[PDB]
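Pasting protein.cif here (mmCIF, C-alpha atoms and all ligand atoms):
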```cif
data_start
loop_
_atom_site.label_atom_id
_atom_site.label_comp_id
_atom_site.auth_asym_id
_atom_site.auth_seq_id
_atom_site.Cartn_x
_atom_site.Cartn_y
_atom_site.Cartn_z
CA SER A 2 5.21 -59.40 57.91
CA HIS A 3 4.56 -60.53 54.29
CA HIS A 4 7.39 -61.80 51.95
CA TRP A 5 5.79 -61.70 48.51
CA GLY A 6 7.62 -61.06 45.22
CA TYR A 7 7.95 -62.26 41.59
CA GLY A 8 10.17 -65.37 41.98
CA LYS A 9 9.24 -69.12 41.69
CA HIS A 10 8.96 -69.33 45.49
CA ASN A 11 7.09 -66.07 46.32
CA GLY A 12 5.49 -65.02 43.00
CA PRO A 13 1.91 -64.52 41.80
CA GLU A 14 0.96 -68.25 42.02
CA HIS A 15 1.67 -68.10 45.83
CA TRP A 16 -0.02 -64.78 46.68
CA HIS A 17 -3.50 -66.31 47.38
CA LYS A 18 -2.19 -68.05 50.57
CA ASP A 19 -1.60 -64.71 52.43
CA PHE A 20 -4.08 -62.69 50.25
CA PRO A 21 -7.10 -64.91 49.43
CA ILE A 22 -8.73 -62.02 47.40
CA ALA A 23 -6.09 -63.02 44.77
CA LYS A 24 -8.81 -65.47 43.52
CA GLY A 25 -11.59 -62.81 43.74
CA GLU A 26 -14.20 -61.60 41.25
CA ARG A 27 -12.53 -58.32 40.13
CA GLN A 28 -8.77 -59.01 39.95
CA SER A 29 -6.28 -57.14 37.73
CA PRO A 30 -4.65 -57.12 35.30
CA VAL A 31 -6.75 -58.62 32.46
CA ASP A 32 -6.37 -59.28 28.76
CA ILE A 33 -8.15 -56.55 26.77
CA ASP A 34 -9.94 -58.29 23.89
CA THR A 35 -10.26 -55.31 21.50
CA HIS A 36 -13.03 -57.08 19.53
CA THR A 37 -15.32 -57.67 22.60
CA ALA A 38 -14.70 -54.24 24.28
CA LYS A 39 -17.69 -52.03 23.44
CA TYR A 40 -17.62 -48.33 22.54
CA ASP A 41 -19.56 -46.50 25.26
CA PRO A 42 -20.90 -43.12 24.03
CA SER A 43 -21.89 -42.34 27.70
CA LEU A 44 -18.18 -41.95 28.77
CA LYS A 45 -17.31 -38.24 29.44
CA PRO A 46 -14.12 -37.00 27.67
CA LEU A 47 -11.07 -37.75 30.26
CA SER A 48 -9.39 -34.80 32.05
CA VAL A 49 -5.70 -35.14 33.06
CA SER A 50 -4.84 -31.94 35.04
CA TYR A 51 -1.12 -32.24 35.97
CA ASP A 52 -0.06 -28.52 35.57
CA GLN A 53 0.51 -28.06 39.37
CA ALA A 54 1.92 -31.59 40.04
CA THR A 55 4.58 -31.53 42.82
CA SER A 56 6.91 -34.56 42.74
CA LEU A 57 8.93 -35.10 45.94
CA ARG A 58 10.93 -38.33 45.99
CA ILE A 59 11.74 -41.61 44.25
CA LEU A 60 11.89 -44.86 46.29
CA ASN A 61 13.02 -48.43 45.48
CA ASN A 62 10.45 -50.44 47.52
CA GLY A 63 11.93 -53.87 46.59
CA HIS A 64 9.11 -54.55 44.05
CA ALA A 65 9.37 -51.49 41.74
CA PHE A 66 10.27 -47.83 42.20
CA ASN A 67 7.69 -45.17 43.06
CA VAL A 68 7.84 -41.49 42.13
CA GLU A 69 5.87 -39.90 44.97
CA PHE A 70 3.82 -36.66 44.77
CA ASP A 71 2.54 -34.10 47.28
CA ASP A 72 -1.16 -35.11 47.51
CA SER A 73 -1.98 -32.70 50.44
CA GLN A 74 -4.06 -30.54 47.97
CA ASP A 75 -5.70 -31.00 44.49
CA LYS A 76 -2.40 -30.26 42.64
CA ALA A 77 -2.49 -33.10 40.06
CA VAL A 78 -5.89 -34.71 39.43
CA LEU A 79 -7.72 -37.07 37.09
CA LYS A 80 -11.43 -36.46 36.36
CA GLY A 81 -14.00 -37.33 33.68
CA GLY A 82 -14.05 -40.53 31.63
CA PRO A 83 -15.76 -43.22 33.74
CA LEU A 84 -14.98 -41.32 37.00
CA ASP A 85 -17.37 -39.50 39.35
CA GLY A 86 -15.60 -36.60 41.12
CA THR A 87 -11.90 -35.91 41.61
CA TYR A 88 -8.97 -38.32 41.96
CA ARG A 89 -5.62 -37.00 43.26
CA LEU A 90 -2.25 -38.28 41.93
CA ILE A 91 -0.19 -39.90 44.74
CA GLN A 92 2.54 -41.88 42.87
CA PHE A 93 3.56 -43.50 39.64
CA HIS A 94 5.58 -46.66 39.01
CA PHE A 95 6.28 -49.17 36.24
CA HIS A 96 6.25 -52.93 35.63
CA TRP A 97 8.77 -54.34 33.14
CA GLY A 98 10.34 -57.48 31.78
CA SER A 99 13.72 -59.20 31.49
CA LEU A 100 13.36 -58.85 27.65
CA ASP A 101 11.32 -56.52 25.40
CA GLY A 102 8.64 -59.22 24.63
CA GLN A 103 7.17 -59.14 28.17
CA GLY A 104 6.71 -56.75 31.09
CA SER A 105 3.22 -55.25 30.81
CA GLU A 106 0.48 -56.39 33.20
CA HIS A 107 -2.47 -55.68 30.93
CA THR A 108 -2.29 -57.33 27.50
CA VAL A 109 -4.07 -56.29 24.28
CA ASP A 110 -5.38 -59.29 22.26
CA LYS A 111 -2.75 -61.28 24.30
CA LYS A 112 0.07 -58.89 23.18
CA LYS A 113 2.54 -58.14 26.00
CA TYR A 114 4.33 -54.77 25.89
CA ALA A 115 7.88 -54.19 27.19
CA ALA A 116 6.58 -52.28 30.23
CA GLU A 117 3.53 -50.54 31.73
CA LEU A 118 3.33 -47.21 33.58
CA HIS A 119 0.75 -46.86 36.38
CA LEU A 120 -0.25 -43.37 37.57
CA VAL A 121 -2.11 -43.98 40.85
CA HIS A 122 -4.89 -41.61 42.02
CA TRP A 123 -7.28 -41.68 45.00
CA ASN A 124 -10.88 -40.46 45.25
CA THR A 125 -10.84 -37.23 47.31
CA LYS A 127 -14.38 -37.98 48.69
CA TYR A 128 -12.65 -40.52 51.05
CA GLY A 129 -10.17 -37.96 52.47
CA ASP A 130 -6.97 -40.12 52.42
CA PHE A 131 -5.44 -42.96 50.40
CA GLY A 132 -5.76 -45.51 53.24
CA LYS A 133 -9.56 -44.93 53.42
CA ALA A 134 -9.89 -44.87 49.61
CA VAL A 135 -8.37 -48.39 49.17
CA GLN A 136 -11.24 -49.77 51.36
CA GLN A 137 -13.85 -48.56 48.80
CA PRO A 138 -14.87 -50.13 45.46
CA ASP A 139 -14.45 -46.70 43.73
CA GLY A 140 -11.47 -45.59 45.87
CA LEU A 141 -8.67 -45.51 43.24
CA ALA A 142 -8.20 -44.70 39.58
CA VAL A 143 -5.06 -46.06 37.90
CA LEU A 144 -4.09 -44.66 34.51
CA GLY A 145 -2.14 -47.37 32.67
CA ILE A 146 0.16 -46.58 29.74
CA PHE A 147 2.00 -49.21 27.67
CA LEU A 148 5.69 -48.83 26.78
CA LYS A 149 7.13 -50.20 23.54
CA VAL A 150 10.81 -50.11 22.59
CA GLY A 151 11.74 -47.75 19.76
CA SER A 152 12.65 -44.03 19.96
CA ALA A 153 13.68 -42.57 23.36
CA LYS A 154 11.03 -40.82 25.52
CA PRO A 155 12.69 -37.48 26.41
CA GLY A 156 10.37 -36.97 29.43
CA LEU A 157 11.45 -40.34 30.91
CA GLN A 158 15.23 -39.60 30.92
CA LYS A 159 15.24 -37.74 34.32
CA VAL A 160 13.75 -40.92 35.85
CA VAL A 161 16.33 -43.18 34.07
CA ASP A 162 19.24 -40.99 35.25
CA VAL A 163 18.32 -41.18 39.02
CA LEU A 164 18.00 -45.03 39.08
CA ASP A 165 21.79 -45.51 39.75
CA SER A 166 21.17 -43.72 43.14
CA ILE A 167 18.29 -46.07 44.22
CA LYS A 168 19.72 -49.42 43.06
CA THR A 169 18.62 -51.43 46.14
CA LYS A 170 15.49 -51.91 48.26
CA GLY A 171 14.81 -49.07 50.73
CA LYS A 172 16.98 -46.47 48.94
CA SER A 173 15.32 -43.14 48.06
CA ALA A 174 16.43 -39.89 46.41
CA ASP A 175 14.99 -36.34 46.25
CA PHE A 176 12.95 -36.10 42.96
CA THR A 177 11.43 -32.62 42.85
CA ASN A 178 10.20 -30.71 39.78
CA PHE A 179 9.43 -33.81 37.64
CA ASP A 180 6.60 -33.19 35.11
CA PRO A 181 4.47 -36.36 34.59
CA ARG A 182 2.87 -34.75 31.47
CA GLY A 183 6.10 -35.80 29.67
CA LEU A 184 5.11 -39.50 30.07
CA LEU A 185 1.73 -39.28 28.23
CA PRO A 186 1.09 -40.29 24.60
CA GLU A 187 -0.67 -37.86 22.17
CA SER A 188 -4.11 -39.61 22.36
CA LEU A 189 -6.16 -40.11 25.55
CA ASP A 190 -8.33 -42.87 23.91
CA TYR A 191 -8.79 -45.58 26.57
CA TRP A 192 -10.35 -48.82 27.76
CA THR A 193 -11.87 -48.98 31.27
CA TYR A 194 -13.02 -51.75 33.64
CA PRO A 195 -13.38 -52.31 37.40
CA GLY A 196 -10.48 -54.17 39.00
CA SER A 197 -7.87 -54.40 41.70
CA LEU A 198 -4.39 -53.53 42.81
CA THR A 199 -2.03 -55.83 40.82
CA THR A 200 0.22 -56.46 43.88
CA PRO A 201 -0.60 -57.52 47.43
CA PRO A 202 -2.83 -56.60 49.14
CA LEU A 203 -4.77 -57.02 45.79
CA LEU A 204 -7.68 -54.89 47.05
CA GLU A 205 -10.66 -54.55 44.68
CA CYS A 206 -10.75 -50.74 44.78
CA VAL A 207 -9.54 -49.66 41.30
CA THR A 208 -11.20 -48.15 38.25
CA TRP A 209 -8.65 -49.01 35.54
CA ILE A 210 -8.17 -46.56 32.64
CA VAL A 211 -5.73 -48.11 30.12
CA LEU A 212 -4.65 -45.86 27.23
CA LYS A 213 -4.77 -47.41 23.74
CA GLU A 214 -1.68 -45.53 22.43
CA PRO A 215 1.65 -46.80 23.83
CA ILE A 216 4.59 -44.48 24.48
CA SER A 217 7.94 -45.29 22.82
CA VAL A 218 11.06 -45.60 25.03
CA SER A 219 14.56 -46.56 23.89
CA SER A 220 16.25 -49.96 24.48
CA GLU A 221 18.86 -48.01 26.54
CA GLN A 222 16.12 -46.53 28.80
CA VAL A 223 14.49 -49.93 29.59
CA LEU A 224 17.94 -51.59 29.99
CA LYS A 225 18.56 -49.12 32.88
CA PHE A 226 15.28 -50.22 34.58
CA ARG A 227 16.66 -53.81 34.45
CA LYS A 228 19.84 -52.81 36.42
CA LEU A 229 17.76 -52.10 39.57
CA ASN A 230 17.76 -54.71 42.35
CA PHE A 231 14.93 -56.36 44.32
CA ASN A 232 17.45 -57.00 47.15
CA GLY A 233 18.79 -54.63 49.79
CA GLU A 234 22.36 -53.21 49.89
CA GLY A 235 25.03 -55.89 50.50
CA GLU A 236 22.61 -58.82 49.79
CA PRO A 237 23.01 -61.25 46.86
CA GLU A 238 22.04 -59.41 43.65
CA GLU A 239 18.55 -60.21 42.30
CA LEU A 240 17.90 -58.01 39.24
CA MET A 241 14.55 -56.16 39.35
CA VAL A 242 12.98 -57.67 36.20
CA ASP A 243 9.66 -59.39 35.42
CA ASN A 244 7.82 -57.50 38.22
CA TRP A 245 4.44 -58.05 36.48
CA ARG A 246 1.40 -60.12 37.44
CA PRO A 247 -0.12 -62.13 34.57
CA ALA A 248 -3.66 -61.56 33.26
CA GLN A 249 -6.45 -62.73 35.62
CA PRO A 250 -9.95 -64.09 34.83
CA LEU A 251 -12.35 -61.40 33.52
CA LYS A 252 -15.32 -63.14 35.27
CA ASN A 253 -18.52 -61.01 35.16
CA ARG A 254 -16.91 -57.82 33.81
CA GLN A 255 -17.20 -55.74 30.65
CA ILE A 256 -14.36 -53.62 29.26
CA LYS A 257 -15.63 -50.34 27.73
CA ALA A 258 -13.86 -48.32 25.00
CA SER A 259 -13.87 -44.49 24.86
CA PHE A 260 -13.41 -44.61 21.05
CA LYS A 261 -14.89 -46.33 17.95
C1 LIG A 301 -4.08 -51.41 52.97
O1 LIG A 301 -3.98 -51.27 51.56
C2 LIG A 301 -2.82 -50.66 51.11
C3 LIG A 301 -1.82 -50.17 51.92
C4 LIG A 301 -0.71 -49.58 51.36
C5 LIG A 301 -0.54 -49.47 50.00
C6 LIG A 301 0.71 -48.87 49.56
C7 LIG A 301 1.16 -48.51 48.35
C8 LIG A 301 2.53 -48.02 48.24
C9 LIG A 301 3.54 -49.09 47.97
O2 LIG A 301 2.79 -46.83 48.32
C10 LIG A 301 0.45 -48.49 47.08
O3 LIG A 301 0.20 -47.42 46.58
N1 LIG A 301 0.29 -49.73 46.55
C11 LIG A 301 -0.07 -49.98 45.20
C12 LIG A 301 0.07 -51.28 44.75
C13 LIG A 301 -0.25 -51.60 43.44
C14 LIG A 301 -0.71 -50.63 42.56
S1 LIG A 301 -1.12 -51.02 40.89
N2 LIG A 301 0.13 -51.91 40.32
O4 LIG A 301 -2.32 -51.81 40.96
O5 LIG A 301 -1.14 -49.75 40.23
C15 LIG A 301 -0.90 -49.33 43.04
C16 LIG A 301 -0.56 -49.02 44.34
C17 LIG A 301 -1.54 -49.98 49.21
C18 LIG A 301 -2.67 -50.56 49.76
NA NA A 302 -5.47 -35.07 52.17
ZN ZN A 303 1.32 -51.11 39.06
#
```
Have the structure of the file written as structure tokens, please.
Amino acid sequence: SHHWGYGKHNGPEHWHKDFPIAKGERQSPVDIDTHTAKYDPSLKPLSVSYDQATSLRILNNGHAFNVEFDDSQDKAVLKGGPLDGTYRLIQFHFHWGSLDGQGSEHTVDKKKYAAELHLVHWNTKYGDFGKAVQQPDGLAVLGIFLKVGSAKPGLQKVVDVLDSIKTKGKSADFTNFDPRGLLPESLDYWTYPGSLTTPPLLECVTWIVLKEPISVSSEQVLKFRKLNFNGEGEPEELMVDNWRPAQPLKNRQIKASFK
């Protein structure tokens, strides 16, 4: 079994030994150079259709926490933008820092945000998530930056359940959560082909990173930082700095939906 994490001894600089694709040609995240990203008038609008989203459960997996959805039908889907066909929401999670000046995976002109939300979707032409991750167009991840300022009201139900999933392997029922409450006003975005940002680092993702961050309060992000990487009864390792740094862009172009 693999034993990867975010520490000195098991962090991103070590991942290539068990996961050689870590040094591949389409790794994520990347720095978004806003001056070199080109407006693409060919991009179709972006369609976030979350009205029928069915959340089920929240899980501390020892790396982050996942809010899991019922993806047995087209209940919550992402379409349009750079995407061909229909991508079904399966889970969302965050990456965050030990302090407000770091935590995001993507950077914008080298700026790090306090955290980054990833809404993970799979291409329904491949029938299940496990088949989709084996395809270069298998996943679409919608990335949203978090900055610290005013509270995000739609985030508070997530913040309030974290005390019940403090340690690795703990889960709690998490029904009737509306992910529309985590979006900013604007759907302007950057897009590029990349990878999962954690092992197994598969090169199966179309990244869609929104330009407009959401604001969350200091109190909300402080509660993320009280989670634990460790299991119950084990020495406490606070769940902080669960982000991979920017990877080489190589032969890729970042496209902007906006001028
Ligand atoms: C054989 O391949 C795989 C087998 C299982 C999984 C399992 C997942 C879990 C934990 O449910 C999963 O969804 N992983 C995931 C990791 C990073 C991102 S991210 N940061 O790039 O958005 C998004 C999603 C993934 C691949
Ligand atoms: Na299915
Ligand atoms: Zn992620």
*Which of these, A:192, A:95, A:131, A:176, has the shortest distance to residue 116 of chain A once you count all atoms listed in the file?*
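The answer is A:95, which sits nearest to residue 116 of chain A.
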All residues having an atom within 6 Å of ligand LIG 301 (chain A) (all atoms listed in the file) as a tab-separated table (two decimals) with C-alpha atoms, in the coordinates of the input:
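Output (selection.tsv):
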```tsv
chain	number	residue	atom	x	y	z
A	119	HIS	CA	0.75	-46.86	36.38
A	121	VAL	CA	-2.11	-43.98	40.85
A	135	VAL	CA	-8.37	-48.39	49.17
A	143	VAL	CA	-5.06	-46.06	37.90
A	198	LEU	CA	-4.39	-53.53	42.81
A	199	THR	CA	-2.03	-55.83	40.82
A	200	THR	CA	0.22	-56.46	43.88
A	202	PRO	CA	-2.83	-56.60	49.14
```
_8 Å from ligand NA 302 (chain A) is the threshold here; counting only C-alpha atoms and all ligand atoms, which polymer residues fall inside it? Answer as an MDAnalysis selection string._
chainID A and resid 72:74 125 129:130
*State, in Å with one decimal place, the distance from atom CA of residue 187 of chain A to atom CA of residue 48 of chain A.*
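Atom-to-atom, atom CA of residue 187 of chain A and atom CA of residue 48 of chain A are spaced 13.5 Å apart.
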*Selected residue of minimal separation from ligand ZN 303 (chain A) among A:185, A:120, A:54, A:100, counting all atoms listed in the file*: A:120
*Pairwise distance for atom CA of residue 128 of chain A and atom CA of residue 63 of chain A, rounded to one decimal in Å*: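 Separation between atom CA of residue 128 of chain A and atom CA of residue 63 of chain A: 28.3 Å.
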_List the spatial neighbours of segment 207-219 of chain A as a PyMOL selection string - criterion: any atom at most 9 Å away, all atoms listed in the file, same-chain residues fewer than 2 positions off excluded._
chain A and resi 29+82-84+107+109+114+117+135+137-155+157+184-198+204-205+221-224
*Between A:244, A:108, A:28, A:177, which one has atoms that come closest to ligand ZN 303 (chain A), using all atoms listed in the file?*
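Checking each of A:244, A:108, A:28, A:177 against ligand ZN 303 (chain A), counting all atoms listed in the file, the winner is A:244.
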*asked:* Can you pull out the residues contacting residue 164 of chain A? Cut-off 8 Å, using all atoms listed in the file, and skip same-chain residues under 3 positions away; I want them as a list in words.
replied: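 Using all atoms listed in the file, the neighbours found are residues 160, 161, 167, 168, 225, 226 and 229 of chain A.
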For the residues in the current selection, export C-alpha atoms as a CSV table (one decimal), keeping the file's coordinate frame.
```
chain,number,residue,atom,x,y,z
A,160,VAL,CA,13.8,-40.9,35.8
A,161,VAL,CA,16.3,-43.2,34.1
A,167,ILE,CA,18.3,-46.1,44.2
A,168,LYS,CA,19.7,-49.4,43.1
A,225,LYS,CA,18.6,-49.1,32.9
A,226,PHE,CA,15.3,-50.2,34.6
A,229,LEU,CA,17.8,-52.1,39.6
```
